[PDB]
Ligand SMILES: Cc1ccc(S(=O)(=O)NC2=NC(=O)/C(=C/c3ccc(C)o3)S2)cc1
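In structure tokens, one chain follows: the form solved without the named molecule.
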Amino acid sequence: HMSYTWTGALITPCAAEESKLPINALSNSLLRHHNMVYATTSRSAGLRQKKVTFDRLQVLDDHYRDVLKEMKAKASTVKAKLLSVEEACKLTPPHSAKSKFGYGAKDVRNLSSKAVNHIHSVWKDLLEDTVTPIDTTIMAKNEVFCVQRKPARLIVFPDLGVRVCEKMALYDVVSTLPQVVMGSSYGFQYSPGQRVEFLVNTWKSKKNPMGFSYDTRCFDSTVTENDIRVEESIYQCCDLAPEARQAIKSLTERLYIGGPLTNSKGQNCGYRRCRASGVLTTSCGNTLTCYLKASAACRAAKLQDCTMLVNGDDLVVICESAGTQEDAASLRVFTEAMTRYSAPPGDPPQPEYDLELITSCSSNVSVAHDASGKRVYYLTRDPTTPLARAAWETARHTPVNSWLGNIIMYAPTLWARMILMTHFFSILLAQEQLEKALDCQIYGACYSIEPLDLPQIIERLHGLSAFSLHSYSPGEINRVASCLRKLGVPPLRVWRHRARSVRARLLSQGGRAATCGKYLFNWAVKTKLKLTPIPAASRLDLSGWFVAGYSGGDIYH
């Protein structure tokens, strides 16, 4: 029962790979310690292969089957529809990997004849053949970190023609089913404002709260054939067209359960019997399987008044404390149960009695004060990786702009406002590119976003208080200051000074640019404008935001 078998062929790059931080004239204004930042490359793929390759053992008890029965009962209330070829085509990212069969992502989006023709042949084949393993490409992801060096993560995906077919069969299912089955525990339904409120209200709902995050070592590799057949049984509980059932069975047997791995040169690298990281059902599958195992493990452990929050493989549990000793015992049982279910821990779980000390979806709750002095909770994180990536994106154009996703998701934080907003608007001013739409990724989906829309986007996700926060916590101030020292980033007093300049320049231009100056940089000026609700921030179409997760799912909105 091995996650992978290997031939010995190497995982190969598609193009040249830089590992050292590229430097330009803008670099030093963000960060001086350039040797701290690196990107992963295929050169480390072998170490990752070793990490992700292990034997899985699975022992399944009555708690597991009881939870599954209840999930299936909820799944049976879902009705999902087939997407048409063109609906599915318009969900494809413009810079998605081209097909091996002589067509690309733009041909798919234009509904060109050769793309549409091939897609129909793949669909027909899915319907006739439920046995032949489908080919996947395996690649090393190039991602940017700060030192303490990780090996490249691996992405496994099928051909573009198959991906469009997955959308036809499954897009409506993976978008709709998770919230029906998990209700309030499904994380991807929440904007950042709604996530913080949920965590705080849950913490507050317990007489004596205790919470913990659970880190599964290599979740994707822990997913067994059983787990993936179990997901399919859940999907099949939905009210589906007969053609959708046949396609889902087929993709399950031929793709989701496993298949051969091919490098960028077309050589055979080996074989997969675990979760593929680049299929449509990666996020929904991981979410269902994480929630199933964790729910069953909560019962095994006898945790009292358990509330879970689940985003794929990321899990937080908040419950009633039974004292520090019985809590420690409960968590050992939880971890033994997950372990028997094929989800052993990386870092073993710790009981926490302070909400601010729990990290989940790479983020912790912290507290600041708005214009009225009233306390507001908001989500933050250690800004090291966000700033290392902004350093890279200062000297190189990248298809996805992490600085922009980070401003969107962490708008209330002191580091996003002072450093990220200041640095990148100054860059957009100097190049006259304020009006140019940029791509970023939120909950695995790709979005085209106009930066001049940032203030409306932020008021909607966070509320106006995001533009007025002050008096941040000492732990948060210390973590930021600590990151600025490590990376060699200029002090917050230098950023305030630049932000005054950026602000005044934005005000000069009027329109949406002036509104950015006013809302985004109100913190920079000695005596503040009283900010009021933005007119445009009621007209933005944020539908298709905070519905579901789509990690590796090749989704564009």
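When you see a residue number, it is the position in the sequence shown, counting from 1.
Missing here is the form deposited with the named molecule bound; even so, the following discussion is about that form.
Colleague: Please identify, from 53-61, 66-74, 489-497, 507-515, the stretch that has a heavy atom within 4.5 Å of the named molecule in the deposited bound form.
Modeller: Only one stretch passes the 4.5 Å heavy-atom test: 489-497.
Colleague: Of the options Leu127, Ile477, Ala241, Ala430, which one has a non-hydrogen atom that comes within 4.5 Å of the named molecule in the deposited bound form?
Modeller: Result of the distance check: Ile477.
Colleague: Ok, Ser471, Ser233, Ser205, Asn117: which has a heavy atom sitting within 4.5 Å of the named molecule in the deposited bound form?
Modeller: Comparing distances to the named molecule in the deposited bound form, the residue within 4.5 Å is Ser471.
Colleague: Any chance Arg417 has a heavy atom within 4.5 Å of the named molecule in the deposited bound form?
Modeller: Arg417: contacts the named molecule in the deposited bound form.
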